[PDB]
Amino acid sequence: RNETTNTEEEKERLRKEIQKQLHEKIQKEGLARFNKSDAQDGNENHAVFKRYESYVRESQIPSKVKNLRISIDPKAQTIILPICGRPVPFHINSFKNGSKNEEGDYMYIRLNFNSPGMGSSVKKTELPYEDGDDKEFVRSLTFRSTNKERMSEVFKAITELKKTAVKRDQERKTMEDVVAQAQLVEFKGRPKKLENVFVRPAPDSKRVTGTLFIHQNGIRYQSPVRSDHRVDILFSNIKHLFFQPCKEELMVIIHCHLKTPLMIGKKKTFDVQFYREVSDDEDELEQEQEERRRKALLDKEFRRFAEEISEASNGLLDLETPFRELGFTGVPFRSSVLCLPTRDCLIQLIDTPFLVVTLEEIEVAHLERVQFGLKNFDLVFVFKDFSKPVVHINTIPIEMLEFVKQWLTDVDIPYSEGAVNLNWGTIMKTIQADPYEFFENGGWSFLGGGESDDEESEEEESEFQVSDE
Amino acid sequence: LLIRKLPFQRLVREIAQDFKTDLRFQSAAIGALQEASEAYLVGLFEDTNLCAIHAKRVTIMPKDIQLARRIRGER
Amino acid sequence: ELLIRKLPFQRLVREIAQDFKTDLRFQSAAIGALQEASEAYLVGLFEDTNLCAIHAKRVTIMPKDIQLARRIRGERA
Amino acid sequence: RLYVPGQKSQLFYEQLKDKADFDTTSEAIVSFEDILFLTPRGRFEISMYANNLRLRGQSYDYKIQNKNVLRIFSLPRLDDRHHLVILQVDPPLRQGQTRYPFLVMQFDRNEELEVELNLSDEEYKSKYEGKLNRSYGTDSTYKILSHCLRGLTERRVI
Amino acid sequence: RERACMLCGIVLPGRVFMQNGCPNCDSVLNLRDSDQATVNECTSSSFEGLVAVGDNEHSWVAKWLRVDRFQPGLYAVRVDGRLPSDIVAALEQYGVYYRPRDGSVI
Amino acid sequence: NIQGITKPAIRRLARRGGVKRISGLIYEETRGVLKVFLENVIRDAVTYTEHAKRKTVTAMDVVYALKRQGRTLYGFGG
Amino acid sequence: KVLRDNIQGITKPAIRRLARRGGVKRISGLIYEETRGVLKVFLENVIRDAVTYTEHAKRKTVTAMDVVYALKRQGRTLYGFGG
DNA sequence: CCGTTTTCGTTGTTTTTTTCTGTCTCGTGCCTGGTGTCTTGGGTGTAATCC
DNA sequence: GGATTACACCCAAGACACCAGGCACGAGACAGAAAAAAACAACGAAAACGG
Ligand SMILES: [Zn+2]
């Protein structure tokens, strides 16, 4: 064994030498990517205000306003409030939340409006008001009325108008970053098809089986129940194409990871999965053999279809399959799942939400919680695009640590290890603020610090290898 | 060792003050106690982290400690 | 009363034992003791698994619950 | 209500107040700010009146009549750090579908509060003498709150 | 719920047979030490002719039903179902001859 | 002979353990765990038997093997 | 002199540092007291045995071997301090 | 049990700076609401044994 | 004449689970106060060795 541990550890010295050549390489390729001229041209990012208006002319204000009461215009999303005989309009966007309190014969309703200082949950990027230190804001207005029923109806209608506005803004955002795609060109002959397929994410709240068709510039999923629930995916927009057979699964999978996100029903997604499920002493052993036949049948058919998709792409799309033997267990989201390496990506496709990490997009891997006799560790992927959030994989068993380190080395990904869960929300924002200064001071190559740098030890006893008495 | 050496000494003496009054301690007794205590607590925090991850969380809460001590067989 | 049928457990025991030494004999009391110990062990394990499942705010016990319980006990590394 | 940012609202208030000599007023027998509720989850100001209790929350205001309080529980948590005050209310408080028949408040045991009751000496003597203290010294917040609830709802603290 | 032990002819609740076994046939059947399949194969809930025996030694009926060497209690004149071939061979190994009480054999 | 531990038996063991709902992989997981346990215990027992120069596995070997693991059993001659 | 309530000498950073060595990222505020109680119950169980050994040897000083035997009795064998 | 050596435990003081904290805003994850569809009950209804 | 009942099936509810929205309590950020920690020198109890 001693000569094998010497051999294995010399291969581990080559592993460390590769890791050192990877840190030096990335340090050189961070100093070359960011120049001092880009640092001088620093871009200050400012909160964008979505401009809105209630009315342009006094004629636009409805004639129903004549009542000296709260009048709501759903068409213009406006809440006209009687302030000292003034028909003051308040857009539903400016409105925040409302509280109704029937005190005595009067119904006191306090309508709150957006005000800076831990206000709405909306991110800084989009502000419901224009930025202004010298701007004063109407924070709340309280009204009373003798008529309780109408005042309750008015409050319901304000709340409904806000819900409809928020829903429309979410629907817009789920279609916003989605790039306007070209139209799918139908195949003029009999298209190749895969029947009885489920799609994820589903276009409707009802799970329905559909048919997947191959066309000239993409694939089309089409539900038999409704023609309007078509999902078109262009070959140009597929980044990665995965197939996964039933090696342990109750299901077979064809997964399309996209370059640009698509709007399927109400959800924006980078991932579109097509799947089917197998699920429905010698007799029980024979029933397992019949399930193994049904697995092999669906595996063969879906693999063939995924190869036929790759062929139809004219060499734009390679068909990837997971290496199950190189798989490790971890928690990227909220469940423990088997993470599977492929040729070019780290994937999890069985449970939603899906994980697809492209290995080429990784800048550095950090192993958190790694120290003296630890039960488990976490793995963090940092991307070359610093605007992209870091990906965490939690609770990877410590038994898999040396395997994960080897695998990262075999893929040319630099890694570092730490006893503490470093915050990346902090690390990234500092790196985004000045990427050049970051690499100037040592980037991640200095942070690695592979050198043990330990010479203190614990002294030594009188060195005497001689029999005493 | 993460805990210091004098607050821990005072804690140990305070606890020992119940079983026999005015007891002396020895060179490597407090050190061994601190090593054992820290090893024990680190193992307990490992189990607590495992439970917290099991619950799909990242924050350890007292009920995770209680579950860990229940499964270990601790009273 | 024992919840496993006697003959299947005896056959399993003999199958396992045959991998260490051929032509081994077992007193019936040895099989009975083994069955008692195995069921007691499995019931304790199922109690810990149930505790883990309830901790995760669920009702259905899952293989990950078993693995977590066995890891926390100190049985799996 | 206006929000005037910058270091500016005090100067704005002074000018307005001086213009028409506005006179400040004080209401609510007693108020308790920033109380942590476990159920409903959130932070609430508790304002107590002769006939009713108000819970003021960023998103939800509740008015509970003193008659609708059935029971008050004052229970130490087993962590020996927090103290629970629990109100049984009938009808149960509503946020939409499911309801809150029990309000669960969580105090720190080391949290001390000094509170003077907003009552005239004639009203205190006639209605509240032997039910409430005129001033509570610097005692634990949960004790003061439990005594005020006992005096105003006439319910026994369990 | 009551079942009739095929071998001795006694009738007892099926759960009683499972939990405690046959008080008479346990020397050759091990009904308590047997699974539910073996309990059914030796105790049948389908039977006919409930019989109560007080004194096995002097009751001519018990001798006629060959239950004079068993525990007094509930017995069945006819029991639906017979012992399985493997159990028959196992009993023949012990040297005990099995006479069916199904009535089809006489 | 490991298929002799049927699904109803595992269900019964879980019900005596207070388990209300059971996944479908629990059965295979339990079979694996039981196999590991039995492997260790029978290995220790057979070690005891071989040392005693016997060809029959007694109840004393099982009892000492359980005492070795820490699973002390009463009522079998200990 | 009597020692009174020295449990608070296990300050927040010791417990936090112990958690970080244990791999814990976010720590609830009720943990620190929880941990403190746990530690108390541990030490009281170990010390009661160490003292029992010290008193049985008719000694007045708690030695390292007493602690080692007390730990060994609980299956807490410790290498480095003798054995 | 009694006398010896000499380590390291107890005693006290000065200085440093990492850790604790007061304060703010934002967000992410805890909790309430809406919904799925399975296992099972309570019932109708057709049909029947029993004396 | 009379009655309780077996039996298949329909219409329906309780339950563990899945998905969505939002509000607040925690993390992140920054400037400030605190005392744990580090370093120093002195005295001698008591640990390790011997007959
Ligand atoms: Zn019988």
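Swiss-Prot numbering applies to chain F: residues 26-103, in that order.
Just so it is clear, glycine is given a Cβ too, placed from its N, Cα and C backbone atoms.
Pulled from Swiss-Prot, these are the features on record:
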- F:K32: UFM1 cross-link (CROSSLNK)
- F:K32: SUMO2 cross-link (CROSSLNK)
- F:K32: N6-(beta-hydroxybutyryl)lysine (MOD_RES)
- F:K32: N6-succinyllysine (MOD_RES)
- F:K32: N6-butyryllysine (MOD_RES)
- F:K32: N6-glutaryllysine (MOD_RES)
- F:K32: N6-(2-hydroxyisobutyryl)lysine (MOD_RES)
- F:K45: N6-butyryllysine (MOD_RES)
- F:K45: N6-(2-hydroxyisobutyryl)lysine (MOD_RES)
- F:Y52: phosphotyrosine (MOD_RES)
- F:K60: SUMO2 cross-link (CROSSLNK)
- F:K60: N6-glutaryllysine (MOD_RES)
- F:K60: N6-(2-hydroxyisobutyryl)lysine (MOD_RES)
- F:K78: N6-(beta-hydroxybutyryl)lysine (MOD_RES)
- F:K78: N6-succinyllysine (MOD_RES)
- F:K78: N6-butyryllysine (MOD_RES)
- F:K78: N6-glutaryllysine (MOD_RES)
- F:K78: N6-(2-hydroxyisobutyryl)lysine (MOD_RES)
- F:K80: SUMO2 cross-link (CROSSLNK)
- F:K80: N6-succinyllysine (MOD_RES)
- F:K80: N6-butyryllysine (MOD_RES)
- F:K80: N6-glutaryllysine (MOD_RES)
- F:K80: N6-(2-hydroxyisobutyryl)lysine (MOD_RES)
- F:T81: phosphothreonine (MOD_RES)
- F:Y89: phosphotyrosine (MOD_RES)
- F:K92: ubiquitin cross-link (CROSSLNK)
- F:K92: SUMO2 cross-link (CROSSLNK)
- F:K92: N6-(beta-hydroxybutyryl)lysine (MOD_RES)
- F:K92: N6-succinyllysine (MOD_RES)
- F:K92: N6-butyryllysine (MOD_RES)
- F:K92: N6-glutaryllysine (MOD_RES)
- F:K92: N6-(2-hydroxyisobutyryl)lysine (MOD_RES)
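Counting only same-chain residues at least 6 apart in sequence, those with a Cβ under 8 Å from the Cβ of the residue listed as 'ubiquitin cross-link' are F:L98, F:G103. By a simple count of nearby Cβ atoms, those within 10 Å, the most crowded of the modified residues F:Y52, F:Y89 is F:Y52.
With an 8 Å limit on C-beta distances, none of the recorded positions from F:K60, F:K80, F:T81, F:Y89 reaches chain E.
In the three-state DSSP reading, F:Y52 (phosphotyrosine) counts as helix. The secondary structure of F:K60 (SUMO2 cross-link), as reduced to three states from DSSP, is helical. Listed recorded positions: F:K32, F:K45, F:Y52, F:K80, F:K92. Those with a CB under 8 Å from a CB in chain C, in sequence order: F:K45, F:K80. For the recorded positions F:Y52, F:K78, F:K80, F:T81, a Cα-Cα cutoff of 10 angstroms around the residue listed as 'UFM1 cross-link' retains F:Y52. On the backbone, the CA of F:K45 (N6-butyryllysine) and the CA of F:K60 (SUMO2 cross-link) stand 24 Å apart. Neighbour density for F:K45 (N6-butyryllysine): within 10 A of its CB lie 13 other CB atoms from the protein chains shown. DSSP assigns F:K92 (ubiquitin cross-link) to a helix. Comparing Cβ neighbour counts within 10 Å across the recorded positions F:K60, F:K78, F:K80, the minimum falls on F:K78. Rounded to a whole number, the distance between the Cα atoms of F:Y89 (phosphotyrosine) and F:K78 (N6-(beta-hydroxybutyryl)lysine) is 16 Å. Following the DSSP three-state reduction, the secondary structure of F:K78 (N6-(beta-hydroxybutyryl)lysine) is coil. Less than 8 angstroms from the CB of F:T81 (phosphothreonine) sit F:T74, each of them six or more residues away in the same chain. Take the Cα of F:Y52 (phosphotyrosine) and measure to each of the recorded positions F:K60, F:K80, F:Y89: the nearest one is F:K60.
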